[PDB]
Amino acid sequence: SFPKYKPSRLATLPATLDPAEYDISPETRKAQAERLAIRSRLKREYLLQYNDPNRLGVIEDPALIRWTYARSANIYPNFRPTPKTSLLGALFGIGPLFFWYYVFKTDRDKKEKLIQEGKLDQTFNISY
Amino acid sequence: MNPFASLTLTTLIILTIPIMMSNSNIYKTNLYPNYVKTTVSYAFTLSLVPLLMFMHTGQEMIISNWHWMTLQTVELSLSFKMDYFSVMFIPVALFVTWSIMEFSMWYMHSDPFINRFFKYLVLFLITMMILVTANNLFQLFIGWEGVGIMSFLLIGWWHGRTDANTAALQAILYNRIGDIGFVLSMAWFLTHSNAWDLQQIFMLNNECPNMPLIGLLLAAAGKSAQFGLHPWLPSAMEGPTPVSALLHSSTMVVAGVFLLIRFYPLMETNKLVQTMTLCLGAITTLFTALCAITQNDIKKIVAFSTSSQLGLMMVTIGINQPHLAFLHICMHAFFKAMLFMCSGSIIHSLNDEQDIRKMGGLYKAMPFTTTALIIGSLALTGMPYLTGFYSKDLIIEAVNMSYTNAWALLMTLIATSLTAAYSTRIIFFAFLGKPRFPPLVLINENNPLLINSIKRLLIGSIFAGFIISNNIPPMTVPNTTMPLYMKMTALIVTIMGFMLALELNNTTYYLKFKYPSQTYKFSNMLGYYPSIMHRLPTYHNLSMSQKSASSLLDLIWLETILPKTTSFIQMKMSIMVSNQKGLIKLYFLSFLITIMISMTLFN
Amino acid sequence: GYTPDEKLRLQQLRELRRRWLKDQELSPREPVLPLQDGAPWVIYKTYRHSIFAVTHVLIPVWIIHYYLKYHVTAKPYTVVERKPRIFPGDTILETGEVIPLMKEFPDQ
Amino acid sequence: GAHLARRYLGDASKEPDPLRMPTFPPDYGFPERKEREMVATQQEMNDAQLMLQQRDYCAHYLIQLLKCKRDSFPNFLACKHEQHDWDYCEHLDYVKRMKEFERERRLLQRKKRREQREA
Amino acid sequence: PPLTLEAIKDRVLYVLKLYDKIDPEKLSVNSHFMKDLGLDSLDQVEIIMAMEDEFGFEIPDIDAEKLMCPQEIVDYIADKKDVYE
Amino acid sequence: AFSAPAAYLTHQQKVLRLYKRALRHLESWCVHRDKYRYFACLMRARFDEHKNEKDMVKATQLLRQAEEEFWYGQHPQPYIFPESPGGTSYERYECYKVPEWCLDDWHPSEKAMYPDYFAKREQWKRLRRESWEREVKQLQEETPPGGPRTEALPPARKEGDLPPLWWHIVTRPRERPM
Amino acid sequence: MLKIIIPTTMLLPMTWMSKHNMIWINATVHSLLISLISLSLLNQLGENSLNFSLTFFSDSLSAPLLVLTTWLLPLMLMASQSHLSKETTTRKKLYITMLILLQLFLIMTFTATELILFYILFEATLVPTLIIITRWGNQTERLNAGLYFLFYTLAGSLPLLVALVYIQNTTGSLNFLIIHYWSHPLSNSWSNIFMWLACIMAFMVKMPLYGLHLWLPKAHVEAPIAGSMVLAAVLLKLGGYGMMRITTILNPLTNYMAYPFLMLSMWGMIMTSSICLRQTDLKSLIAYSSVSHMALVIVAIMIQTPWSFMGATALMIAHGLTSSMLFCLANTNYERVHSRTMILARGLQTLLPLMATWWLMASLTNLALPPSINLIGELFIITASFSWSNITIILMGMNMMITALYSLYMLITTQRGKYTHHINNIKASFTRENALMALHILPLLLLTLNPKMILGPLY
Amino acid sequence: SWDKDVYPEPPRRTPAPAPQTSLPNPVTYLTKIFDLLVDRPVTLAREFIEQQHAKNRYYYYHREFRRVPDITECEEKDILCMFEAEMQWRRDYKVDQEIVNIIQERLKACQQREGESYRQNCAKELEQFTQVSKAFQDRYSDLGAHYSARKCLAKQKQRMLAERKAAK
Amino acid sequence: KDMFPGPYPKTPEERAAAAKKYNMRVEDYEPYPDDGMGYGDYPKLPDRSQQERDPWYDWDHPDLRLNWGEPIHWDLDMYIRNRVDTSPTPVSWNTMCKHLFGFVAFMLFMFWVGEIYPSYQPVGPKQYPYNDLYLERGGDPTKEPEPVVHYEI
Amino acid sequence: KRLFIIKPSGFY
């Protein structure tokens, strides 16, 4: 009974240690056959276009176009102001701004106070 | 004195001549690498002369040849500091580069772009010389970034390998993290001391505060692959072996230690920064040596050895013995470059095989490389009266005989034991035993370039330590009297490490199989620092970028706030105004309401 | 292992691949374009060695020495040398000399 | 390292503190102590550009070593005697510091014995 | 290291002859391990590992399982190493 | 050159792959040849012990437990062949690989530097251009009505016909282009 | 100044009356000559600006920008030749005339002595840019991008116009000399706070400020190559020049009012560089990089210190050159593969080595490798910020690290790895393209030798 | 040709060569070879070029700017006088910058020349630069990017009012 | 063009159409949760780094280990082989974190202890002449230093 | 036995 391997988000569970790889059913094999069929159809089309002696140019992959559009264009039309969206936006948008304002303002005020008190060393600070 | 400046400047300027001629036809011809090697050799021969002058009379100089620009009260000029450190490191670096290029001619013969490789080598050498011979922080930063960029290019020499690109990007990332502290140092010196010249910085900063020195510490940690920024150096072995041996073994990696050494007069004043350097060096020595003990790739083992030696140099700086650290840099260049050349010879002989497990019984198969590696390992482990003895033994003796963090001293001694251990590992697994390489035997070291290149560094490892140590002026008060065990500690610990490593390696022969211990896993997985540190922060930063910055702010919320809401409001008002009803009865009533309201409000 | 159709396909591709590889071989002749600088036998042993030595060190050293003469004179403080270590002993001009009077004990 | 064992594992009061050393005055005991005479002069040091850490009570031997090194060049093996002399002076200085440490140890023990005498 | 076709064949046959379970006399280029010889599946795995160790290049398992003949190993090695003679 | 994968791995194939991985990791642990041979014969005996289990559920559970043992006992740094994925030399010469189509963009002077090879290349281009139509027809004919259910491609049925979709496999760049 | 203006005007009749074959050639020759003429302006008296006439003056700030514009026009012509080949002669001449009008307006903006004339021409620059984007863009989003750009700029500018007129009514003149010499301090009042906002916001929109930068990615991605070149190189720097000129009026209130914009820029540079790390479009990546560098320039201007201003001018010029070259490099690959997706084209170094070298040098300048003028400006800005507050160094260094990461990431993805097999339309790089990249690079490396030219008046 | 008063250099004390070994000194022969091969041809070339320059000697002159009324005496909105005073103040700013540069150059040269005794033997230059830096900071620092003579005058007046308040 | 990604599917017909659009099995297809993030129709592909995918298989894009037409992971750029990797580790992630963090913590703790108990030698402080080089260390010559006296032992 | 090396056009 060797210690088991805890999968995580950055350490995925190996297929060898997959509890489902050893529990197979006829429907699972059917699904695997269907997926292989899909991949085979796509590979056939790609290779037909790729080995064509007449083709000159890129083989436009619809998947790549969809990926780009979803990453860039489709975001806003499929956005809805929701409590999670609103709260996360508020936090990660303005909170850092106020945090840096606090930090820098406190630092600047401390420096100005020291300067007014004449309690800061700028003996050779002649290039600002 | 008059010849000194001319010779020193010519030594650097000659190196640039092959770069200029790279535009000429020589680049196309096969003669370019040989011309580059001869240029480096002539540069070394010339650099010998100012070294002799300094040995004779200590003729140190600063040359401000060109006035780049004057910014109000700050004058920036191209100034070279030809002091002891520069005048000694230039010949050492040139000699090592000469040997490395001669080896590379043999090692990189098959490579189609050998000329590009040699040109990149000369570019790195020029950048490193700029770094060493710099009197302004800006010139030193020029050298710093040039060395970084050249390392980036050379590591990813085989652009096809995704792993090479990853290693180059990782090196750039860690070195830039160090450059953050470097920029902090530059800014602090400019704001407070009103200069970037080392001379004025030294003059004004009688008791240097903590912040600029901590920034210098960070930059040194980045370049010298200290702990927290260490993983880039072992990953750098993805590049061609000459590149490793030259930059990421003996010359580039010492940049951080050299930067700290250059600022030694300021380093003396602040005690806290000395303590941090000591602790970081001890951590690096221990961790990198422990990682090396269980590594199965020869290049990785030697790279971790380089990191441990750099940590030892950082410790020496912490013990407030800068000149000894410079001496250790000088000796390490020789013996570590030689060890890496031997590794490259083994790899080329065995058809690109780097795993020690697939290498065996090479003691007689490769006699010359075996002799060179044995001598290099003995020098590395501090065998008396070798190059290592003049540096490492003094390092340990000074560490013991000084006010020191206890754990730092203990870790340094343990690290010396582990250095002996991994030297035993490489020798035992590779040269000793029975052959384990694939059947076809292609071993052949009978190449004049390889033989002569290793010969020069062998002679250097044997005698340079004595020669340099005798010639250099005394710069530290020696630890004359010390307890006998204190004197012999280095040898005792080295021999104990040798014995334990030899016994454990012998135990491998026994027909017993045991599943790995947790400590073995920790050492082999490099302390898990790569596994988690290259995944968790990278994942979080990239995911945060895409999810918040790219989407939730830019494409969603800022757009919703300023553009979209205003557009929507104007659209709604347009729909209201253009009611599209147009009934005289309806809007004429509005006229009545308007008349009444106007009469009331405006009298 | 393979199905007979698989075996046949692999064999066909093997034959065609070997044909391609053998067609990648060049002829006995590598045509080249058709005396720019005369070079009979020019002693590459030493003469070319000396030419390289001159062009790469002697010319640069002369140029740099001239630039040194100009730059040193053009601006003050351009070249500053560490004051030579005057160990108690004769000087060139001051001719100053002093002895610590070995006010110590010799035995070792 | 045994002194460290006494300092930490044993009673700390008996063992001297390196930073605090020397707590007791020079006049205590040691009825007549001569000033550590400096063989070399301050100007000599400044002229020889000796490092401040090397500007110690044995800087004269180092001055002679530097002069012999400059004169002996190219030969770099001709200063072995001068090197030995300077090394021995440094050894004696170290021994004197060791004697100071032992003196502090014994003085602290004597103070503890006075405190015992009270009880 | 030209690594000609005949050299590959000789080395594969050499490894197979050094295999104790295979009797050297009946070993032939077309001798199927499964049918003509008495080797089982695990013996196929072992001989594939021996071949890949001899030539220093790793044969993928999907391709490795389908060899089943010394000549197939030879031609597969030739294809991988671009041997055309 | 890789064969078209199957929808699933048969139990026999999975056992074979586990055996190969276990032997390789044992070799990584057992550096010396003799110790490796001893423990490899031991492992072969271990496989032979349950080689003939009749209950498929029992064999499957044995496979699962053995895989767990392999994961615990896997070498942290297993040996990788230099050109194998994850190896030191994997994809090293990839940048040197240059596709054949780059040739058509050569300047006529460069193409005149090597006439004969380009004549041979023109012959190959003619061959491919002629064979494409027949290849497409064959692929249509042999393809099932639903669509290609496997990545496997048929061989040439008749003489004078090239294998369907042969160009890139045949004209793939040399492993060591230089 | 008419030595530059009048030939630039004459470029229009020459282009219109030139033969259909010779339009590009004549335009390029005479634009290069105009730039050679403009090179004379670099000679600036240290104490005083070159006051050519009542309407026009030049200083060490305006001269580098004018030289940049005059140099940029021929480069835009070379870049835009390729994709406008199919266009009819009248359309090509119209495009060239839009470019020439843009150069003329930009020159007059940088040389104008009166703030109202500066505003008139600075807003006039929108019309040619808008026409270029909305007429010769290659995607359906060009109309939306043009609307965004125009309306952002106008919403910023109109309050500036009101404020400038109010200043004319109060002080009595909008001439920059008189304003500088009289320059009575402002008081901390809500009216003066809103005058400060009105003066600053137009330029803060022009210099892409975090939260006001949305127009820039759309415009740069959707515009043709020449339009992207002007937008990156000069149109953003219009904001920097305006802010530097206008900061004289608002002396004391700047200290109070800078903190919102200072924090916005300081955080936004990190945010925009992090966006650059995850962008899927090369043009978009370059645009966000421009946003980050301009945010640095905004910080330098707001700090209002001599070193900050010198670094701001240096960064403006260096970034203009680097961004223009990067857009040209991306446009070449776009013409070859007809897509802007970074992943689509890979391993181009094997196919196009000299272009790979150009990419390497462009990225190295982008990540501020010393002694590039980019690093000179950035380092001066960093030192000024450090004097402003030692804590700024954390953000500045983080931004530098991320800039290096995204620059080398773009270089690695586009120019390294295995070549995309199916793409077969990659062809040997034309001498025009390599010439364009060289014309971008060589001036940038040369300016390092004599940096006083681009260090601004405060040098 | 630089004035020694402007750029002070301590008198040079070079120890005389006092060999104590029979072995020949390589530095001496190498320096003689360098002399013969390089220094003599270079000296000859400079002799030729100096002869040519002396053949056609022409002089350039250092401009003198007469002092002009300061902003202190310039009237309000008097743009002519304000202009003259402002340009004069800018020239004075440049001259003060150059003076600071000269003092800093002395400081750097003294640090290098003294060697390991820099901390003690350069104290006078350190004090000089201390005074010059304090004066320059008080006169010109914090004026801002848009520095003007009026703003410097305002800074001076603020300082003097603070001094009177300190005098109480 | 229906090829472009659409909104979040809400009816089974919408889900089937989306699955066919993304060339995925209907049962396998699983759109991101419609929480307003903007993913919409795009499928939640497994978070497997491209390293994990079998190298040996012939990929349409070998360097990316991706086939043409295959749905592309939303964060594929993040999970490229040159960037963030999720391949299984020999040791558990939590255990790796435990070991590394514990090692570093113990290291720093022991260094702090060494600070508490610093090693040294049983010697007295080094004595320097001329009031510990008061002048040589930058001491003001005009001011009079305390006359440090070192007596012989 | 020289084998042809495929490379992009260099004349341009």
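Residues numbered from 1 in each chain as written, not as in the entry; some residues may be left out. Chains lettered and ligands numbered in written order. Part of a larger assembly, values for the part shown. Heavy atoms only, no water. Residues with missing side-chain atoms left out of burial classes, pairs and counts.

Draft legend 1. Examining the sheet that holds strand β1 (residues 79-81) of chain C more closely. Spatially, β2(B)-β1(B)-β1(C) is the arrangement adopted by the three strands of the open sheet, whose pairing is antiparallel. For this open sheet the edge positions go to β2 (74-82) of chain B together with β1 of chain C, each flanked by a neighbour on one side alone. The sheet shows a mean angle of 30° between the axes of neighbouring strands, direction not considered. Bridge count for strand β1 (residues 61-71) of chain B against β2 of chain B is nine bridges, and the pairing is antiparallel. Looking across to β2 of chain B, one finds that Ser64 of chain B is bridged to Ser79 of chain B. (Pairing = 2+ DSSP bridges. Helix = DSSP H or I, 4+ residues; strand = E, 2+ residues; numbered from the N terminus. Axes fitted to C-alpha atoms, helices over the stretch in contact; angles between N-to-C directions.)

Draft legend 2. Broad picture of the interface of chain G and chain B. On the chain B side, the residues contacting the 51 residues of chain G number 49 residues. Buried area between chain G and chain B, both sides added, is near 4500 Å², and the carbon and sulfur share of it is 75%. On inspection of chain G and its partner chain B, the count reaches one salt bridge. In this structure, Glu559 of chain B and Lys218 of chain G form a salt bridge, with 3.2 Å as the shortest nitrogen-oxygen distance. (Contact = heavy atoms within 4.5 Å. Buried area = accessible area lost by both parts, 1.4 Å probe. Salt bridge = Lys/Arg side-chain N within 4 Å of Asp/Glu carboxyl O.)

Draft legend 3. Geometry of the pattern of salt bridges. According to the stated counting rule, one finds 98 salt bridges over all chains in the structure shown. Among the salt bridges present, the one from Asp35 of chain I reaches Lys84 of chain A, with a minimum N-O distance of 3.2 Å. Here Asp35 of chain I is found in the loop between α1 (12-21) and α2 (93-116), whereas its partner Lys84 of chain A is found in helix α3 (residues 83-116) on a different chain. Where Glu52 of chain E meets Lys20 of chain F, a salt bridge forms, and the shortest distance between an N and an O atom there is 3.5 Å. Of this pair, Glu52 of chain E sits in helix α2 (residues 41-55) while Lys20 of chain F sits in helix α1 (residues 11-29), placing the two residues on different chains. Here the salt bridges share partners, and the residues they tie into one network are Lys358 of chain B, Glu52 and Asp61 of chain E together with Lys20, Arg24, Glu27 and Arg33 of chain F.

Draft legend 4. The arrangement of the nonpolar core in detail. Residues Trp196 of chain B together with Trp215 and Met302 of chain G are the most contacted members of the largest nonpolar core, which totals 504 residues. Apart from residues no more than four positions distant in its own chain, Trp215 of chain G is found in contact with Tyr148, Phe149, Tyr152, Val205, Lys206, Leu231 and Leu236 of chain G. Residues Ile22, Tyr76, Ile77 and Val83 of chain E belong to the second largest nonpolar core, which totals 28 residues. (Core = buried A, V, L, I, M, F, W, Y, C linked by side-chain atoms within 4.5 Å. Buried < 20%, exposed > 50% of the residue type's maximum accessible area, 1.4 Å probe, protein only.)

That's the geometry; what it means functionally is another story.
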